[PDB]
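Only one structure is covered here, and it is reproduced in the block below.
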Amino acid sequence: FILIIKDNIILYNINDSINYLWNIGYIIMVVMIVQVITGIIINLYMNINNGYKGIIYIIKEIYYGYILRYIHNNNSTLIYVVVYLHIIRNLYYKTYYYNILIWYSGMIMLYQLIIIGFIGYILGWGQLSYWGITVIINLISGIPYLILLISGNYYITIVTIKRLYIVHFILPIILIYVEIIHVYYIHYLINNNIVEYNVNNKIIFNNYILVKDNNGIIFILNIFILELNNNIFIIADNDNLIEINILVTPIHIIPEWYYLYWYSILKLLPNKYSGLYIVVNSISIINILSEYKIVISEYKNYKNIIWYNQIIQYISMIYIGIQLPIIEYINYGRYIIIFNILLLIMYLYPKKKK
Amino acid sequence: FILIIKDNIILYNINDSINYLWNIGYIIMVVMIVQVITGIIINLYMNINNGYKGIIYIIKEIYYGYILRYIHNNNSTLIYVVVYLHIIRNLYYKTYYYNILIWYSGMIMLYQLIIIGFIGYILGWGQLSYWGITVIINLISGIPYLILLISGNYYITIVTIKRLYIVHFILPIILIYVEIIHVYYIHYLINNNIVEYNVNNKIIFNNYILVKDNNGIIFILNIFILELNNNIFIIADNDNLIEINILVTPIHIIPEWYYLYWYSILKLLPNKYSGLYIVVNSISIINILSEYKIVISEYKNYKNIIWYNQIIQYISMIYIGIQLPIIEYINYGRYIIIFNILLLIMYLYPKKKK
Amino acid sequence: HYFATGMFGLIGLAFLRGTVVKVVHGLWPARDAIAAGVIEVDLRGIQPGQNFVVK
Amino acid sequence: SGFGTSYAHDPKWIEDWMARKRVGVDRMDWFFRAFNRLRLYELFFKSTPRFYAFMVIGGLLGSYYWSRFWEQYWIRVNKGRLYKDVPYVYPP
Amino acid sequence: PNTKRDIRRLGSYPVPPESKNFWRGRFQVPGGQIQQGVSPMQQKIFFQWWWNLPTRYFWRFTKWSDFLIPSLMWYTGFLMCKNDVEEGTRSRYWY
Amino acid sequence: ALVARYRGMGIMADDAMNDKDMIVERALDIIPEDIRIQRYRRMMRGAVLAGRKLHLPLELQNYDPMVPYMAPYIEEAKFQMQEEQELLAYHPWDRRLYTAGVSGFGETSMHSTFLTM
Amino acid sequence: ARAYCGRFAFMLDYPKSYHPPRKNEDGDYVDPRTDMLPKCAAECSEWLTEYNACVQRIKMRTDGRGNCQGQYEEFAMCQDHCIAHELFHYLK
Amino acid sequence: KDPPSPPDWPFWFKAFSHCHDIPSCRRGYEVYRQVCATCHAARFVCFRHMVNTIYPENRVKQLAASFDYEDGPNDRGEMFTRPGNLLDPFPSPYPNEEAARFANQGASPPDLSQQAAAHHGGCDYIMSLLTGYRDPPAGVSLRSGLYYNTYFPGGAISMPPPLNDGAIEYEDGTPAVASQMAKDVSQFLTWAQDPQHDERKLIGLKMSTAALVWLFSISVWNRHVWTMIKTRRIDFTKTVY
Ligand SMILES: CCCCCCCCCCCCCCCCCC(=O)OC[C@H](COP(=O)([O-])OCC(O)COP(=O)([O-])OC[C@@H](COC(=O)CCCCCCCCCCCCCCCCC)OC(=O)CCCCCCCCCCCCCCCCC)OC(=O)CCCCCCCCCCCCCCCCC
Ligand SMILES: CCCCCCCCCCCCCCCCCC(=O)OC[C@H](COP(=O)([O-])OCC(O)COP(=O)([O-])OC[C@@H](COC(=O)CCCCCCCCCCCCCCCCC)OC(=O)CCCCCCCCCCCCCCCCC)OC(=O)CCCCCCCCCCCCCCCCC
Ligand SMILES: CCCCCCCCCCCCCCCCCC(=O)OC[C@H](COP(=O)([O-])OCC(O)COP(=O)([O-])OC[C@@H](COC(=O)CCCCCCCCCCCCCCCCC)OC(=O)CCCCCCCCCCCCCCCCC)OC(=O)CCCCCCCCCCCCCCCCC
Ligand SMILES: COC1=C(OC)C(=O)C(C/C=C(\C)CC/C=C(\C)CC/C=C(\C)CC/C=C(\C)CC/C=C(\C)CC/C=C(\C)CC/C=C(\C)CCC=C(C)C)=C(C)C1=O
Ligand SMILES: COC1=C(OC)C(=O)C(C/C=C(\C)CC/C=C(\C)CC/C=C(\C)CC/C=C(\C)CC/C=C(\C)CC/C=C(\C)CC/C=C(\C)CCC=C(C)C)=C(C)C1=O
Ligand code: HEC
Ligand code: HEM
Ligand code: HEM
Ligand code: HEM
Ligand code: HEM
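Chains as they are written, first to last, in my numbering: chain A, 59 to 412; chain B, 59 to 412; chain C, 1407 to 1461; chain D, 371 to 462; chain E, 6 to 100; chain F, 93 to 209; chain G, 342 to 433; chain H, 109 to 349.
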């Protein structure tokens, strides 16, 4: 496979005009490898019968075990930041217009990542972990006997932890396989450029693009090392360091920051099932944004007003999730949801002719 | 990859004259998949903090958990029987003479399998498990501070079990990857035939060879199901159902049947290191059997006397391992070792001319 | 001929269904857990006005 | 004769065995002739979707009654030694 | 693959990507040959097993008889050791 | 025993040579057609007999299987190969690696190793 | 891993019928095994004579050294093998 | 020098299509409760395992309720005592191994949960060991508290001969003799090791028989397709139709 490596790294041609926003994908691939490696190493010391006492044991007793603990937690935050920024990037340039297969391959990795991150959060085995999974699992209480089969008991226990751990161990490996389908489609279906059209200015990847990609990934590392060792940003809720009490709920029951958008959607809509369905809508609806267009154009490099409103809409929904369930927040959040629906309809609808 | 499947299964050509001994490889591939699948499922219920109590829990409390427990233990015995028979097959027809790359790829899988099976035996966490690993690990006590790093303590503990479990979980997956290099070399370097020469009688695999291979694998399944449900052959020592006592040794300290050959080699030679080196010799020496030949011939389809003596020599060494360390057995075992060396020299040496 | 090849598939599918169902069945709450999830209240010996707690 | 030597050759009775070719003889034709009257091929096997349905529905019914038959066999062999066969008498 | 002469193709039609291995096992037949066969649906499918049964087992056994002397010698070794072990144990322990 | 095995298959000793050996392959390139035709027919009959677990009729077994019909061509092939070894392969040559489907370590066929897939 | 090796029932010689244990003069049932001990000892007479010889040899020792455990174990194994063939016929 | 191998006792469950003899299992538990339980523990055997398999549910409740189990903490943080229930394991005579050794002259009575399969010979070892107590061999003198058993490794076991005729009265009326009690307790302990033994064999019977039918179908298929190959005729200078 040295001739396959040479055809996809050494003699792989890319346009010269790409920005640093085209370096995000490379960063995702590298940090993903780190998360898998640190996970395997952490499991050499972790105790699944009591995740609470395992983390303490790693941080205090293992030599340099604090590095493994904090890298795995903090690098998961970095995985979602970089992936979400990659999604925003793709939305801005409308790379899905012609490279839809690339978009589909990516969305599968997004769906897998959501499951990976959530179960991992449960493995901490703190107050938020226990109560977060208890709340989410009740959403499927409509389907008979489905909760009992998944949990393995009538309440979440170590039985549930043992089975979720296997999914957390294995699913990330499948995600890496899907990354190869993603790269296959990128190399066959050539990448988009900052300009709409296709132009003859490509250069080889190893001598030029890889050097620029390393410069970007080293710049992100300078920031990640500061967060890793000094916690300049609060990215992990403190409530997960409280021992589980099944009779007393914590002050608030919220997931990590990267699930806040979906958390607020549920907290806002009155009917539980409607909340779940709106969550389904947001991820699935963006898969067919360009499917109804009829004109010869990719809607690229206009003022991108709808795009900007959508990005701010994600940010505001994330902000509402942090706040308590105040009635006034509920009203405004509902307006944002309605506003988001209108924005998506603007994307979908084709234009008539004057 | 549907055109790769079609080129290696549907339109793959093989000679018509092959025997059922050419079906062994297919059986290894299928039973290997089963062992990986049943292992993953067993880990949904297994307790690594006390492997002794986990097995009891699976056998008694899990629905159909006895099937998982016995299949995983018994199918490991079947994996070694089929693999060893495949090795004997390759030795008999001297398939290594021209298809050495196939032989090398196979030996790597043999080396990995040895490690996989041994650590898995330790995960049982019985008397033999604890004392078997304690004895084997002392062989490397010569290398300073190496035992402490491997065991993670001054004696084998759950700390050692946690790290060995990760190797047992991951190494089999790497073994499956090496199976693809093995099949790549088989399909490129065409397989050998029952006759020495290469003849024009090949037929497609899916319509003819796969039907015959299924007939063989279903015949082996009829035998495996009898052993699985009724234990017609004692293939697991009973001493591993005794709880570990670090102060009292069991009646005998022996591995599974498929490690008996190497166990006796150590028990026979007086110096501990010499025993380890002779173990290294047996597996490595068979990698260069044909390297010194100078004549245009593959030594194929003669009376194969040396081959038969070697196979019986393996069987007799396996028999001596079962017996206690009686002095008389030690003497005879040493003669067998000397005899085995002479047989290998017969294989290696080229002939002069009268 | 097609009966024979059909029978191979018939038996194979039956073995496949049994395997799948049995594996999924193992995820159901185990015999110890199902047993612990049922407590019987012997209302015998309680006195009017008494409150007792059962986990 | 010649068994066990380089002169080994097929004995006479093996040669006579291989001289019986049974050309133009079919002693099992009745079985296929009667089997064909079940019309399984016309009804089920010929069409792929119906071929699948035969395997699925046949496996469903076959598996159930196969289990049922051997459960009765087990009950007969172990008669008088099963828990259900020996109702327990409570001590006084 | 086979020799270069064997796999050298006469036709200029390109090798399909799904038949790469199939055409690496090509042979260059010298002098031609006539191949004939009949569909299994019009043949006896089990008689050949019975017709070939006695000769198959005769030739199998005569070949395996080559290992008679080696196996007897190993078996003779097995018996000596087993009874050398018994005598040793009794001499060292029994009174 | 070897003579009997050859006579049972109806093959000659020189038929038994495997063409995976390079000297055999180079010799087989230059054998005349009449020798080639009978060699192929004998080898095909042998494989059919061996595969079907049958033996050649004794009526056809009275021949000497050890006639060395390939000897002239094996010796020519060895001479050709020794000339090539000496005049063209007397040093470990440096070539650009993994280019044009070939590792650059000496083999001449494209896609003939695992690392050149 | 498991308690026993399975076999066909024809290989297992399970008692066809049950004979009740003999009763003592006092009225308490006598152990079937004790009744069978004298018979099985006779069937193992060869090993017993070897054990009996050892007892006499160690008796005629000025030193205190000497044991006959090895011969006794061979006799005991033989006697028990005899008992196993017939004991379950007297046990419910 | 390895311990004498037990004889092959003809237990009912040894055959392929045979179950555990429940009446013998019932008698085996009586022996264990009244004889073996004084010194040995069955940590991994729970009362619920016996419900609807050996005894009816009400009967098992009475057996469990006979014993007292330390349970807690209560609201004041104290440990209290309660009668047993179906969820409890079999009671342990001693609180820890050190206590067991002290009461048994330094010998630890092993847990009997898996002893039926933990020795070479399996169930046969239990039956033979219980009935393997003979007078010492001439020239072998045992320190007090050691007894001669032909099957225990080394010949000297710290277990007093546990079975004596008339030790217990069987509920079903079976005569109580040493050999009978050894047979029953061996049966019961075999069941305790693997209570799913009957389920395994009944399902195995269906699989094994079905696999034979599956072998016939693939064989017919294999014969059919290979007839195309094994009957071909390749001619060179000849032609026959
Ligand atoms: C890679 C390598 C390979 C890897 C492999 C993987 C390895 C993984 C590791 C291993 C993991 C561990 C586990 C390993 C386990 C291995 C062992 C194992 O699996 O064992 C399983 C299993 C072990 O046994 P078991 O599982 O305990 O047994 C279970 C029971 O047997 C049966 O089960 P059950 O009892 O639970 O269920 C029984 C039940 C199950 O029941 C069902 O499923 C039946 C119901 C299905 C209903 C379907 C309805 C579908 C249609 C719906 C409607 C559609 C409408 C659409 C409309 C559209 C409109 C637009 O069926 C019945 O009760 C039977 C009767 C059914 C009657 C149905 C009547 C239907 C009426 C419909 C009426 C509708 C009218 C409507 C009108 C109104 C409309 C408005 O194996 C077997 O049993 C082996 C069987 C093999 C086959 C045997 C048969 C052989 C036959 C031989 C024939 C040749 C001889 C011929 C002789 C001829 C003589 C002349
Ligand atoms: C008490 C304390 C004691 C301390 C003691 C400390 C001792 C330290 C020992 C250090 C190591 C010494 C090793 C000596 C070996 C001598 C063997 C010999 O006589 O060779 C003659 C022999 C010549 O044989 P010949 O029959 O006359 O002609 C050969 C051809 O048929 C026809 O030949 P031709 O000349 O006609 O063909 C032309 C071609 C012929 O080309 C070849 O023969 C090349 C063959 C293919 C090589 C690539 C194999 C594929 C990759 C394998 C590795 C896979 C995994 C790697 C990554 C894993 C990452 C997890 O020649 C050239 O291309 C000439 C230039 C070659 C150099 C090119 C430089 C760039 C490439 C870099 C790789 C090659 C570096 C040189 C070899 C290094 C040997 C260790 O040449 C070779 O053996 C060639 C090298 C092949 C082996 C490469 C092994 C690499 C290392 C693998 C790991 C080893 C671990 C095991 C323990 C290592 C320590 C011992
Ligand atoms: C008294 C004390 C004695 C101690 C004994 C031990 C002595 C120490 C040394 C032992 C090891 C020796 C290594 C020899 C290296 C030979 C290199 C070489 O010439 O290779 C080419 C050569 C081919 O020759 P060629 O055809 O002439 O070369 C011309 C072509 O250009 C050649 O090109 P080609 O393509 O035809 O062939 C290349 C061939 C070369 O490879 C091989 O054949 C295997 C070579 C390596 C062997 C394995 C080494 C393992 C040891 C290191 C690990 C130890 C860990 C320890 C940790 C401890 C922790 C507590 O295949 C490959 O390169 C396959 C590569 C597959 C890689 C797949 C990786 C996964 C996919 C990619 C990455 C993952 C996906 C991305 C994921 C991203 C995530 C986002 O290889 C062979 O023929 C030999 C293969 C090895 C045979 C067995 C060797 C036995 C050694 C004797 C001693 C054994 C003692 C008993 C051991 C028992 C163990 C249980
Ligand atoms: C209550 O507060 C809240 C939170 O905090 C608690 C939230 O996080 C959230 C948002 C949370 C989320 C959006 C995610 C929640 C995630 C959950 C509940 C994960 C639960 C666990 C699972 C789904 C594990 C089961 C795993 C899978 C089904 C695999 C998933 C991946 C899939 C299906 C993609 C493709 C399929 C695969 C990769 C499977 C591959 C299968 C194989 C290899 C099988 C092979 C088998 C053979 C025989 C060969 C909300 C809304 C909230 O309200
Ligand atoms: C005492 O009684 C006795 C026994 O019973 C106790 C015996 O069994 C035996 C015989 C026993 C044996 C022959 C086997 C004994 C096995 C033992 C001791 C296993 C100990 C555990 C290990 C070796 C685990 C460590 C694992 C490895 C080193 C991997 C093994 C496989 C190898 C090296 C093949 C190729 C390498 C790999 C597959 C590793 C792959 C590496 C990666 C993927 C790393 C990637 C990393 C990055 C950064 C990308 C004897 C002689 C005996 O006397
Ligand atoms: C009731 C009839 C039984 C049964 C079925 C068993 N015992 Fe005992 N036992 C005791 C002690 C101290 C030991 C330790 C071993 C020795 O003494 O050195 C044992 C051991 C066993 C075993 C295991 C034998 C071995 O291989 O270690 C078994 C299967 C066994 N026992 C069964 C002590 C006692 C008692 C105290 C007086 C009583 C009562 C019993 N045992 C009763 C039984
Ligand atoms: C994209 C890949 C993955 C991500 C997003 C991820 C995410 C996380 C999260 C957020 C945590 C809990 C953080 C905390 O404790 O608060 C966690 C824990 C854990 N993960 Fe992962 N994980 C991934 C891959 C893996 C892999 C491949 C393994 C093992 C091979 C693994 C093993 C573990 C283990 C053992 C824990 C428990 C340690 C803990 O308390 O942090 N993870 N995971
Ligand atoms: C595990 C997460 C993923 C990784 C490893 C990853 C990696 C990559 C890389 C390396 C590229 C090529 C270089 C680049 O454009 O930066 C890229 C391109 C692309 N990705 Fe992803 N990706 C991931 C997630 C996603 C997701 C979730 C989507 C869709 C919502 C997506 C859609 C795309 C698109 C459309 C392109 C084309 C870029 C272009 O045309 O310029 N990716 N990705
Ligand atoms: C060729 C592949 C493998 C073989 C040879 C093998 C061998 C075995 C052996 C012999 C046992 C112990 C048997 C006994 O308990 O006495 C064992 C246990 C175990 N294995 Fe594997 N194994 C393999 C693959 C795997 C895989 C892929 C996994 C997990 C994904 C796995 C997970 C386990 C677990 C959890 C146990 C403990 C359960 C036990 O007590 O049996 N194994 N292995
Ligand atoms: C995980 C273990 C392995 C599996 C999956 C496996 C599988 C296979 C299969 C499918 C074949 C092709 C069909 C066949 O000839 O039966 C084969 C061929 C072969 N294998 Fe393996 N193998 C294994 C272990 C080994 C080992 C340990 C060796 C060498 C000691 C070996 C040496 C060979 C050779 C020489 C051939 C060529 C057969 C021929 O030329 O006819 N294999 N193997």
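Using N, Cα and C, we set each Cβ at its ideal position, and we do this for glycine too.
For residue i, which option in the options has the closest C-alpha, if you only look at C-alpha atoms?
i: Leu186/A; options: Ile238/A, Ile116/A, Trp315/A; result: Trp315/A
i: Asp179/H; options: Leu220/H, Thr345/H, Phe188/H; result: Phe188/H
i: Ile91/A; options: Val306/A, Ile129/A, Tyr255/A; result: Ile129/A
i: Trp161/B; options: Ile205/B, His240/B, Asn101/B, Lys111/B; result: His240/B
i: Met375/B; options: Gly391/B, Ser355/B, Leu233/B, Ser348/B; result: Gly391/B
i: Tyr190/F; options: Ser134/A, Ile85/A, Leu61/A; result: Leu61/A
i: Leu401/B; options: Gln381/B, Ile180/B, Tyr372/B; result: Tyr372/B
Kindly list the residues whose CB is nearer than 8 Å to the CB of residue i, restricted to its own chain and excluding five residues on each side of it in sequence; keep chain order.
i: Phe277/A; result: none
Return the chain-ordered list of same chain residues with a C-beta closer than 6 Å to the C-beta of residue i, the five sequence neighbours on each side being excluded.
i: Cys154/H; result: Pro197
i: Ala149/H; result: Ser200, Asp219
i: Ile174/B; result: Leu229, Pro230
Check for me: the alpha helix (DSSP H) holding residue i runs from which residue to which?
i: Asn393/G; result: 386–400
If you follow the beta strand (DSSP E) that residue i is part of, which residue opens it and which one closes it?
i: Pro191/H; result: 188–191
Handout entry: Residues in the stretch 1412–1433 of chain C having any Cβ partner in chain B nearer than 7 Å
Key = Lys1428, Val1429, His1431, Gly1432
Practice task
Pick out the complete beta strand (DSSP E) segments inside the stretch 230–266 of chain A, 3 residues or longer, and give them in chain order.
Solution key: 260–262
Practice task
Please specify which runs of the alpha helix (DSSP H), each continuous and at least 4 residues long, are wholly inside the stretch 94–125 of chain B, giving them in chain order.
Solution key: 109–118
Exercise for the section: Please list the residues of the stretch 242–264 of chain B that have a C-beta atom closer than 8 Å to any C-beta atom in chain F, keeping them in chain order. Expected result: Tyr242, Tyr243, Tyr246, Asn251, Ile252, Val253, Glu254, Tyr255, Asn256, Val257, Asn258, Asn259
Problem - Near-chain E residues of the stretch 401–419 of chain G (beta-carbon distance less than 9 Å), N- to C-terminal order - result: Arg402, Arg406, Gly407, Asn408, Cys409, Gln410, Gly411, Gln412
Handout entry: chain D contacts from the stretch 116–128 of chain H (Cβ-Cβ distance under 7 Å)
Key = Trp120, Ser125, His126, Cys127
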